[PDB]
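Going line by line, the protein sequences match chains A and B. Each residue of the first sequence is one higher than the one before, counting from 1071 in the authors' numbering. Each residue of the second sequence is one higher than the one before, counting from 1071 in the authors' numbering. Inspection log for the structure reproduced underneath, given as structure tokens.
Number of protein chains: 2
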Amino acid sequence: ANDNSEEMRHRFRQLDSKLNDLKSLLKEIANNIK
Amino acid sequence: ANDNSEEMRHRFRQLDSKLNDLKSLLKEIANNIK
């Protein structure tokens, strides 16, 4: 049982985690300005 | 009728929505500086 969807899916989850980290940092910078 | 393109496509739309949210926040920070 082999599939390539799960590895690229895990890459999608970790890049989405990096996106949420960037969103958290931008909310932090918006709080630092304001 | 089964396909894996729609679920990764919906993941693409929601990450693109997060990208547009990051772009909106960066335009907001550019307006806050200027």
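We put the CB at the ideal spot given by N, CA and C, even for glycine.
**Request:** Could you check the C-alpha separation between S1094(B) and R1081(A) for me, to the nearest Å?
**Result:** Counted from its first residue, the second sequence places residue 1094(B) at position 24. Counted from its first residue, the first sequence places residue 1081(A) at position 11. When rounded, the distance between both Cα atoms is 25 Å.
**Bounding residues of the alpha helix (DSSP H) (the contiguous stretch that carries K1093(B))** = Residue mapping note: residue 1093(B) aligns to position 23 of the second sequence, counting from 1. Note, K1093(B): alpha helix (DSSP H), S1075 to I1103.
**Request:** Report back the beta-carbon spacing between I1103(A) and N1102(B) to the nearest angstrom; my notes put them in contact at under 8 Å.
**Result:** Translated into the one-based positions of the first sequence, residue 1103(A) becomes position 33. Translated into the one-based positions of the second sequence, residue 1102(B) becomes position 32. That belief holds up - the Cβ atoms of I1103(A) and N1102(B) are roughly 5 Å apart, short of 8 Å.
**Chain-ordered chain B contacts of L1096(A) [CB-CB under 8 Å]** = Locating residue 1096(A) in the first sequence gives position 26, where the first residue counts as 1. Within chain B, the residues near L1096(A) are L1092, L1095, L1096 and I1099.
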